[PDB]
Each structure stands twice: as structure tokens, then as C-alpha cells.
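Asker: As input, take upload_4.txt (compact mmCIF, N, CA, C and O atoms):
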# COMPACT_ATOMS: atom_id res chain seq x y z
N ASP A 214 218.81 112.80 -85.69
CA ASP A 214 219.34 113.76 -84.70
C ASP A 214 220.15 114.90 -85.34
O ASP A 214 220.16 116.02 -84.85
N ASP A 215 220.83 114.57 -86.44
CA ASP A 215 221.74 115.50 -87.11
C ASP A 215 220.90 116.52 -87.86
O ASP A 215 221.29 117.68 -87.87
N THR A 216 219.73 116.07 -88.34
CA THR A 216 218.82 116.82 -89.21
C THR A 216 217.64 115.90 -89.55
O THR A 216 217.80 114.71 -89.82
N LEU A 217 216.47 116.51 -89.53
CA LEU A 217 215.26 115.85 -90.01
C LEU A 217 215.02 116.33 -91.45
O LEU A 217 214.99 117.53 -91.72
N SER A 218 214.81 115.36 -92.33
CA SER A 218 214.55 115.65 -93.75
C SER A 218 213.07 115.47 -94.07
O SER A 218 212.44 114.49 -93.68
N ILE A 219 212.54 116.47 -94.76
CA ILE A 219 211.17 116.43 -95.28
C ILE A 219 211.27 116.35 -96.81
O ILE A 219 211.93 117.16 -97.46
N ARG A 220 210.62 115.34 -97.36
CA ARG A 220 210.62 115.13 -98.81
C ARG A 220 209.19 115.22 -99.34
O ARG A 220 208.27 114.63 -98.78
N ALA A 221 209.05 116.02 -100.39
CA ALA A 221 207.77 116.18 -101.09
C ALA A 221 207.99 115.81 -102.56
O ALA A 221 208.80 116.42 -103.25
N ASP A 222 207.35 114.72 -102.96
CA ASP A 222 207.49 114.21 -104.33
C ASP A 222 206.26 114.62 -105.14
O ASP A 222 205.13 114.45 -104.69
N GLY A 223 206.53 115.14 -106.33
CA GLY A 223 205.48 115.63 -107.24
C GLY A 223 206.11 116.22 -108.49
O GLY A 223 207.33 116.32 -108.62
N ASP A 224 205.24 116.57 -109.42
CA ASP A 224 205.64 117.15 -110.72
C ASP A 224 206.30 118.53 -110.62
O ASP A 224 207.20 118.85 -111.39
N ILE A 225 205.82 119.35 -109.70
CA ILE A 225 206.27 120.73 -109.55
C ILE A 225 207.75 120.82 -109.07
O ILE A 225 208.55 119.92 -109.34
N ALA A 226 208.19 121.84 -108.33
CA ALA A 226 207.37 122.86 -107.66
C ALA A 226 208.03 124.17 -107.45
O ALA A 226 209.19 124.18 -107.04
N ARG A 227 207.24 125.22 -107.59
CA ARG A 227 207.69 126.50 -107.06
C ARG A 227 207.27 126.58 -105.59
O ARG A 227 206.16 126.20 -105.21
N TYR A 228 208.23 127.00 -104.78
CA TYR A 228 208.02 127.07 -103.33
C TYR A 228 208.66 128.33 -102.75
O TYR A 228 209.49 128.97 -103.39
N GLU A 229 208.23 128.66 -101.55
CA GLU A 229 208.90 129.66 -100.71
C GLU A 229 208.92 129.14 -99.27
O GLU A 229 207.93 128.57 -98.80
N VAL A 230 210.06 129.30 -98.62
CA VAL A 230 210.23 128.89 -97.22
C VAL A 230 210.55 130.12 -96.37
O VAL A 230 211.36 130.96 -96.76
N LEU A 231 209.96 130.15 -95.18
CA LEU A 231 210.20 131.24 -94.22
C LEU A 231 209.93 130.73 -92.80
O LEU A 231 209.43 129.63 -92.59
N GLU A 232 210.35 131.54 -91.84
CA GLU A 232 210.23 131.27 -90.40
C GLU A 232 209.16 132.13 -89.68
O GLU A 232 208.84 133.26 -90.00
N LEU A 233 208.64 131.58 -88.60
CA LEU A 233 207.75 132.30 -87.68
C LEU A 233 208.19 132.02 -86.25
O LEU A 233 208.88 131.03 -86.00
N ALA A 234 207.85 132.93 -85.35
CA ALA A 234 208.16 132.76 -83.93
C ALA A 234 206.88 132.76 -83.09
O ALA A 234 205.80 133.07 -83.58
N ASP A 235 207.03 132.34 -81.83
CA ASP A 235 205.93 132.32 -80.85
C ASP A 235 204.67 131.61 -81.41
O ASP A 235 203.63 132.24 -81.59
N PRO A 236 204.75 130.29 -81.60
CA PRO A 236 205.93 129.46 -81.35
C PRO A 236 206.83 129.41 -82.60
O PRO A 236 206.40 129.76 -83.70
N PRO A 237 208.08 128.96 -82.42
CA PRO A 237 209.02 128.80 -83.53
C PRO A 237 208.45 127.80 -84.54
O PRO A 237 207.95 126.73 -84.18
N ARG A 238 208.48 128.20 -85.80
CA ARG A 238 207.86 127.45 -86.90
C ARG A 238 208.65 127.65 -88.19
O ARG A 238 209.19 128.72 -88.41
N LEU A 239 208.60 126.65 -89.04
CA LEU A 239 209.09 126.77 -90.42
C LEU A 239 207.88 126.53 -91.33
O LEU A 239 207.09 125.62 -91.09
N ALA A 240 207.73 127.40 -92.31
CA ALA A 240 206.58 127.34 -93.23
C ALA A 240 207.05 127.26 -94.68
O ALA A 240 207.94 127.99 -95.10
N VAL A 241 206.44 126.33 -95.41
CA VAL A 241 206.69 126.18 -96.85
C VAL A 241 205.37 126.37 -97.60
O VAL A 241 204.37 125.71 -97.29
N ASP A 242 205.42 127.23 -98.60
CA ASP A 242 204.29 127.40 -99.53
C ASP A 242 204.66 126.79 -100.88
O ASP A 242 205.70 127.11 -101.44
N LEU A 243 203.76 125.94 -101.34
CA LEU A 243 203.94 125.23 -102.61
C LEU A 243 202.89 125.69 -103.61
O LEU A 243 201.70 125.72 -103.30
N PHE A 244 203.35 126.00 -104.81
CA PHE A 244 202.42 126.45 -105.85
C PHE A 244 202.24 125.42 -106.95
O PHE A 244 203.07 124.53 -107.15
N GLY A 245 201.10 125.58 -107.62
CA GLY A 245 200.62 124.63 -108.63
C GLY A 245 200.17 123.32 -107.97
O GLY A 245 200.12 122.27 -108.61
N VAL A 246 199.79 123.41 -106.70
CA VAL A 246 199.27 122.24 -105.95
C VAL A 246 197.87 122.52 -105.45
O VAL A 246 197.60 123.58 -104.89
N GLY A 247 197.07 121.47 -105.57
CA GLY A 247 195.78 121.39 -104.87
C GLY A 247 195.94 120.38 -103.74
O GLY A 247 196.57 119.33 -103.90
N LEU A 248 195.42 120.75 -102.58
CA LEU A 248 195.46 119.89 -101.39
C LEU A 248 194.78 118.55 -101.71
O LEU A 248 193.81 118.51 -102.47
N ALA A 249 195.34 117.48 -101.17
CA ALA A 249 194.83 116.13 -101.46
C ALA A 249 195.15 115.19 -100.31
O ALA A 249 196.04 115.45 -99.50
N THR A 250 194.45 114.06 -100.31
CA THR A 250 194.57 113.05 -99.26
C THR A 250 196.02 112.61 -99.07
O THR A 250 196.22 111.88 -98.16
N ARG A 251 196.86 112.66 -100.11
CA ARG A 251 198.29 112.31 -99.96
C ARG A 251 199.06 113.28 -99.05
O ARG A 251 200.17 112.99 -98.61
N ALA A 252 198.45 114.44 -98.77
CA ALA A 252 198.99 115.39 -97.78
C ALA A 252 199.33 114.66 -96.45
O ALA A 252 200.27 114.95 -95.79
N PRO A 253 198.59 113.66 -95.98
CA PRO A 253 198.82 112.88 -94.75
C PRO A 253 200.18 112.24 -94.67
O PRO A 253 200.72 112.22 -93.58
N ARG A 254 200.75 111.85 -95.81
CA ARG A 254 202.13 111.32 -95.81
C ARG A 254 203.10 112.36 -95.21
O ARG A 254 204.22 112.05 -94.83
N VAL A 255 202.59 113.58 -95.09
CA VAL A 255 203.27 114.72 -94.46
C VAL A 255 203.52 114.49 -92.96
O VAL A 255 204.45 115.09 -92.40
N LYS A 256 202.73 113.62 -92.33
CA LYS A 256 202.87 113.35 -90.89
C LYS A 256 204.29 112.90 -90.53
O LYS A 256 204.77 113.13 -89.43
N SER A 257 204.97 112.33 -91.53
CA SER A 257 206.34 111.83 -91.41
C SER A 257 207.38 112.90 -91.07
O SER A 257 208.47 112.59 -90.61
N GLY A 258 206.99 114.15 -91.30
CA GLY A 258 207.98 115.18 -91.24
C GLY A 258 207.81 116.17 -90.14
O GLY A 258 208.53 117.04 -90.44
N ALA A 259 206.82 116.07 -89.20
CA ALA A 259 206.67 116.89 -87.98
C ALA A 259 207.82 116.72 -86.97
O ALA A 259 208.45 115.68 -87.03
N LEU A 260 208.31 117.73 -86.22
CA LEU A 260 208.14 119.19 -86.26
C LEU A 260 207.43 119.66 -85.03
O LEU A 260 206.56 120.53 -85.11
N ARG A 261 207.66 118.97 -83.92
CA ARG A 261 206.66 118.90 -82.84
C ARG A 261 205.27 118.48 -83.41
O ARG A 261 204.58 117.65 -82.87
N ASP A 262 204.91 118.96 -84.59
CA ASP A 262 203.77 118.79 -85.47
C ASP A 262 203.92 119.56 -86.81
O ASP A 262 204.63 120.55 -86.98
N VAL A 263 203.12 119.06 -87.73
CA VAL A 263 202.98 119.63 -89.08
C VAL A 263 201.49 119.78 -89.44
O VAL A 263 200.79 118.79 -89.59
N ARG A 264 201.12 120.97 -89.83
CA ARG A 264 199.76 121.23 -90.34
C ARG A 264 199.83 121.77 -91.76
O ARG A 264 200.78 122.45 -92.14
N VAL A 265 198.84 121.37 -92.56
CA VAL A 265 198.80 121.72 -93.99
C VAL A 265 197.40 122.24 -94.33
O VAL A 265 196.40 121.73 -93.84
N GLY A 266 197.38 123.23 -95.23
CA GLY A 266 196.12 123.81 -95.72
C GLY A 266 196.32 124.45 -97.09
O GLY A 266 197.40 124.39 -97.67
N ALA A 267 195.27 125.11 -97.54
CA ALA A 267 195.25 125.78 -98.86
C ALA A 267 194.14 126.83 -98.88
O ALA A 267 193.14 126.71 -98.18
N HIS A 268 194.39 127.87 -99.67
CA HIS A 268 193.44 128.99 -99.78
C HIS A 268 193.32 129.44 -101.24
O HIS A 268 193.80 130.50 -101.62
N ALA A 269 192.71 128.57 -102.05
CA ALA A 269 192.51 128.85 -103.48
C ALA A 269 193.82 129.32 -104.14
O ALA A 269 193.85 130.22 -104.99
N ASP A 270 194.91 128.77 -103.63
CA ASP A 270 196.15 129.01 -104.35
C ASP A 270 196.86 127.70 -104.71
O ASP A 270 196.39 127.22 -105.72
N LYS A 271 197.84 127.08 -104.07
CA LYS A 271 198.83 127.38 -102.97
C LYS A 271 198.51 126.59 -101.71
O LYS A 271 197.53 126.85 -101.00
N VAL A 272 199.40 125.67 -101.45
CA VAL A 272 199.34 124.89 -100.21
C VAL A 272 200.41 125.42 -99.26
O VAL A 272 201.55 125.66 -99.68
N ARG A 273 200.05 125.49 -97.99
CA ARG A 273 200.98 125.93 -96.95
C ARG A 273 201.21 124.79 -95.96
O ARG A 273 200.26 124.22 -95.41
N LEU A 274 202.48 124.50 -95.76
CA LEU A 274 202.92 123.49 -94.80
C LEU A 274 203.63 124.22 -93.66
O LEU A 274 204.52 125.04 -93.88
N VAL A 275 203.18 123.90 -92.46
CA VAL A 275 203.64 124.58 -91.23
C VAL A 275 204.20 123.51 -90.28
O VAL A 275 203.47 122.61 -89.86
N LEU A 276 205.41 123.74 -89.87
CA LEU A 276 206.23 122.87 -88.99
C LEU A 276 206.50 123.58 -87.69
O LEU A 276 207.42 124.44 -87.61
N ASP A 277 205.83 123.20 -86.66
CA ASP A 277 206.19 123.68 -85.33
C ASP A 277 207.56 123.06 -84.90
O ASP A 277 208.06 122.10 -85.35
N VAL A 278 208.44 123.78 -84.26
CA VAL A 278 209.75 123.17 -83.99
C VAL A 278 209.97 122.86 -82.52
O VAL A 278 209.60 123.67 -81.71
N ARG A 279 210.91 121.95 -82.27
CA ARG A 279 211.38 121.67 -80.90
C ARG A 279 212.72 122.36 -80.59
O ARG A 279 213.20 122.33 -79.46
N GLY A 280 213.32 122.97 -81.62
CA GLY A 280 214.63 123.63 -81.51
C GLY A 280 214.91 124.52 -82.72
O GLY A 280 214.45 124.32 -83.82
N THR A 281 215.75 125.52 -82.56
CA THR A 281 216.06 126.43 -83.69
C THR A 281 216.72 125.65 -84.85
O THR A 281 217.60 124.83 -84.63
N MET A 282 216.28 125.96 -86.06
CA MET A 282 216.81 125.30 -87.27
C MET A 282 217.37 126.32 -88.27
O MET A 282 216.85 127.47 -88.25
Starting from the file, lay out its structure as C-alpha cells.

Answerer:
Amino acid sequence: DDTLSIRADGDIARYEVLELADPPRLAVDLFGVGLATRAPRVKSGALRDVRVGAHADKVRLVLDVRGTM
């Protein structure tokens, strides 16, 4: 209730975090990562929900929110 913690364990990482609105979202981009089946352990950290993808970079994690953070 005080705060939800999202933990990503790996060798890296360079990251960037930013916000989006309509709907309110928090987005993290991780570099030096290729998307993998372990991405599902990500379900632990939603966020109304969490979606993850990649575009020949660079993985993007998107957290829809239930309240301003």
C-alpha cells in the first residue's frame, strides 16, 4: 500500500524511466536486453497491468497505473 516495488534482476542495465497519460502509465526502457520468456516474472509488478515488448533494441516495460506515482 505504501509503494509497489518492481525488481528486475540481470547483468545490466542502462535504463530510462518516463511517464505517459491517458491512461496514466510509467514506462521503463532497458538496454542490452533481448526479450525472453523470463519477462513473465514481470506479471508480479502490474500496475493495473504491465506489458513488455522490444523493437530490435531495447525492451520496453509499460505499467498502467491505478493512481498517480

Asker: Rounded to one decimal place, report the atom CA of residue A:258-atom CA of residue A:276 distance in Å.

Answerer: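 These atoms are spaced 8.2 Å apart.
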
Asker: Which of these, A:265, A:275, A:226, A:231, has the shortest distance to residue A:248 once you count only N, CA, C and O atoms?

Answerer: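 Closest to residue A:248, using only N, CA, C and O atoms: A:265.
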
Asker: Write out as an MDAnalysis selection string which residues come within 7 Å of stretch 219-223 of chain A when counting all atoms listed in the file, dropping same-chain ones fewer than 6 positions away.

Answerer: chainID A and resid 254:255 257:258

Asker: Which of these, A:217, A:274, A:266, A:279, has the shortest distance to residue A:240 once you count only C-alpha atoms?

Answerer: A:274

Asker: Please, which residues of stretch 233-282 of chain A, numbered as in this document, come out helix (DSSP H, G or I) from DSSP, as number ranges by chain?

Answerer: A: 252-258

Asker: Store the residues of this selection in a file with N, CA, C and O atoms, as a PDB file, keeping the file's coordinate frame.

Answerer:
ATOM      1  N   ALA A 252     198.450 114.440 -98.770  1.00  0.00           N
ATOM      2  CA  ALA A 252     198.990 115.390 -97.780  1.00  0.00           C
ATOM      3  C   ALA A 252     199.330 114.660 -96.450  1.00  0.00           C
ATOM      4  O   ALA A 252     200.270 114.950 -95.790  1.00  0.00           O
ATOM      5  N   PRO A 253     198.590 113.660 -95.980  1.00  0.00           N
ATOM      6  CA  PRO A 253     198.820 112.880 -94.750  1.00  0.00           C
ATOM      7  C   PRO A 253     200.180 112.240 -94.670  1.00  0.00           C
ATOM      8  O   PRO A 253     200.720 112.220 -93.580  1.00  0.00           O
ATOM      9  N   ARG A 254     200.750 111.850 -95.810  1.00  0.00           N
ATOM     10  CA  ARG A 254     202.130 111.320 -95.810  1.00  0.00           C
ATOM     11  C   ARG A 254     203.100 112.360 -95.210  1.00  0.00           C
ATOM     12  O   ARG A 254     204.220 112.050 -94.830  1.00  0.00           O
ATOM     13  N   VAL A 255     202.590 113.580 -95.090  1.00  0.00           N
ATOM     14  CA  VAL A 255     203.270 114.720 -94.460  1.00  0.00           C
ATOM     15  C   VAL A 255     203.520 114.490 -92.960  1.00  0.00           C
ATOM     16  O   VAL A 255     204.450 115.090 -92.400  1.00  0.00           O
ATOM     17  N   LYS A 256     202.730 113.620 -92.330  1.00  0.00           N
ATOM     18  CA  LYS A 256     202.870 113.350 -90.890  1.00  0.00           C
ATOM     19  C   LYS A 256     204.290 112.900 -90.530  1.00  0.00           C
ATOM     20  O   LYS A 256     204.770 113.130 -89.430  1.00  0.00           O
ATOM     21  N   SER A 257     204.970 112.330 -91.530  1.00  0.00           N
ATOM     22  CA  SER A 257     206.340 111.830 -91.410  1.00  0.00           C
ATOM     23  C   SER A 257     207.380 112.900 -91.070  1.00  0.00           C
ATOM     24  O   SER A 257     208.470 112.590 -90.610  1.00  0.00           O
ATOM     25  N   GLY A 258     206.990 114.150 -91.300  1.00  0.00           N
ATOM     26  CA  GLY A 258     207.980 115.180 -91.240  1.00  0.00           C
ATOM     27  C   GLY A 258     207.810 116.170 -90.140  1.00  0.00           C
ATOM     28  O   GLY A 258     208.530 117.040 -90.440  1.00  0.00           O
TER      29      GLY A 258
END

Asker: Take the point (205.3, 127.5, -105.8) as written in the file and pick out every residue within 4.5 Å of it, counting all atoms listed in the file; give the list as a ChimeraX atom specification.

Answerer: /A:227-228,242-244

Asker: Distance atom CA of residue A:232-atom CA of residue A:269, one decimal place?

Answerer: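 One can read the atom CA of residue A:232 to atom CA of residue A:269 distance as 22.2 Å.
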
Asker: Would you compute the distance between atom CA of residue A:278 and atom CA of residue A:263? Give it in Å to one decimal.

Answerer: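 These atoms are spaced 9.2 Å apart.
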
Asker: Kindly indicate which residue among A:262, A:280, A:245, A:273 lies nearest to residue A:224, using only N, CA, C and O atoms for the distances.

Answerer: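 Closest residue, counting only N, CA, C and O atoms: A:245.
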
Asker: Hey, which of A:259, A:241, A:249, A:215 ends up closest to residue A:272? Count only N, CA, C and O atoms.

Answerer: A:241

Asker: Name the residues of chain A that come out as strand (DSSP E) in a backbone DSSP run; write them as a list in words.

Answerer: residues 227, 228, 229, 230, 231, 232, 233, 238, 239, 240, 241, 242, 243, 244, 262, 263, 264, 265, 266, 267, 272, 273, 274, 275, 276 and 277 of chain A

Asker: When you count all atoms listed in the file, which of these residues is closest to residue A:271: A:235, A:246, A:225, A:214?

Answerer: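 Residue with the minimum atom-to-atom distance to residue A:271: A:246.
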
Asker: Pick the closest to residue A:277 from A:256, A:239, A:251, A:234: which is it, counting only N, CA, C and O atoms?

Answerer: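 Going through A:256, A:239, A:251, A:234 one by one, the smallest distance to residue A:277 is for A:239.
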